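So you can see what is in the structure, the chains are spelled out below.
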Amino acid sequence: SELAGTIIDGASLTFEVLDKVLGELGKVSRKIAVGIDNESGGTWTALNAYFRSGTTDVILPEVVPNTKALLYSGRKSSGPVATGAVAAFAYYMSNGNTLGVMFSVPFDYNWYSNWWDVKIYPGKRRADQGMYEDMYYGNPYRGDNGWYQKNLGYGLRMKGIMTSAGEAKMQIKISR
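Here the numbering of residues is sequential along each chain, from 1 in written sequence order, and it may depart from the entry's numbering. Residues without coordinates do not appear. Side-chain numbers come from the whole structure's heavy atoms, not from hydrogens or water.

Judging from the entry metadata, solution NMR is the method by which this structure was determined.

Per the PDB entry, the protein chain goes by Sticholysin-1 and derives from Stichodactyla helianthus. For this structure, the PDB entry title reads "NMR structure of the sea anemone actinoporin Sticholysin". UniProt positions are given in the numbering used here, feature names are shortened, and annotations may be inferred rather than shown by experiment. You can read under Subunit in the UniProt record for the protein chain the words "Octamer or nonamer in membranes. Monomer in the soluble state." What UniProt states about the protein chain under its Sequence similarities heading is, verbatim, "Belongs to the actinoporin family. Sea anemone subfamily."

Draft legend 1. Unusual backbone geometry, seen in detail. Of note in this structure, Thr67 is not a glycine but carries a positive phi near 55°. A positive phi angle, close to 55°, is found at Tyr154, a residue other than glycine. Considering the arrangement of structural elements, one finds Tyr154 in the loop between strand 8 (151–152) and strand 9 (156–161). For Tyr154, a relative accessible area of 48% gives the class partly exposed. Only DSSP runs of H or I with at least four residues qualify as helices, and only runs of E with at least two residues qualify as strands; both kinds are numbered from the N terminus onward. Buried, partly exposed and exposed residues are distinguished by accessible area as a fraction of the type maximum, computed with a 1.4 Å probe on protein chains only: under 20%, between the cut-offs, and over 50%, respectively.

Draft legend 2. Structural detail: the pattern of salt bridges. A carboxyl oxygen of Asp or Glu within 4 Å of a side-chain nitrogen of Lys or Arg is what we treat as a salt bridge. Inspection of the entire model under this criterion finds 3 salt bridges. We note a salt bridge from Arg30 to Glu167, for which the minimum N-O separation is 2.8 Å. Within this pair, whereas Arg30 is found in the loop between helix 1 (15–24) and strand 1 (31–38), its partner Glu167 is found in the loop between strand 9 and strand 10 (170–174), the two being separated by 137 residues in sequence. When its relative accessible area of 28% is taken as the criterion, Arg30 is described as partly exposed.

Draft legend 3. A look at the pairing of strand 5 (residues 85–92). In terms of burial, strand 5 is largely enclosed, as 7 of its 8 residues are buried. A pair of strands is treated as paired once DSSP finds two or more bridges between them. The sheet contact formed by strand 2 (residues 44–51) and strand 5 spans 6 bridges and is antiparallel. Among the inter-strand pairings, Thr45 is bridged to a residue of strand 5, identified as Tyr92. As judged from the 8 bridges shared by strand 5 and strand 6 (residues 98–105), these two strands associate in the antiparallel manner. Looking across to strand 6, one finds that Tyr92 is bridged to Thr98. As consecutive antiparallel partners, strand 5 and strand 6 are separated by 5 residues, and within that stretch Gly96 has a phi angle of approximately 105°, a positive value.

This is the structure:
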């Protein structure tokens with residue numbers, strides 16, 4: 001039972017599916033369910049991922065169809081006691097770029113903030129701690145409730161939603 005519900009059309013795969021799946025598939029005490037919607041224009045082929053706290057089995061599917069959404073799972077490092085949910089992954093676009101998604105959920109939110117960003121490298125690029133922390137400081141977003149995001153280069157726009165509720169979900173959809 002991994003925190004991967006369904007990957008059906010984004011019209012059905014929404015924030016609500018992420019809130020519910022945490023209770024349905026709920027691996028350990030602190031669980032992470034995110035919902036990215038691929039509408040950038042092309043099938044997303046998995047290349048590589050980098051998990052530091054959200055340590056899981058599988059998150060990068062072989063190929064993802066466009067105009068649709070997907071789910072990610074992750075559970076803590078030690079299991080019962082550890083950091084909330086921290087990981088970064090990347091997706092190969094058929095247009096000739098690499099969508100590098102970044103997500104960080106600490107545990108001492110009382111002091112340390114939880115910045116989150118998304119960029120698209122101009123070619124086949126990995127996701128590692130250097131590239132994570134190098135772009136982390138670039139978009140100081142803690143997940144403002146409602147719908148909050150940044151504009152992307154190359155003529156693109158990604159849309160996202162998170163909240164400071166502590167154990168909240170993460171949903172990001174590309175909207176041209």
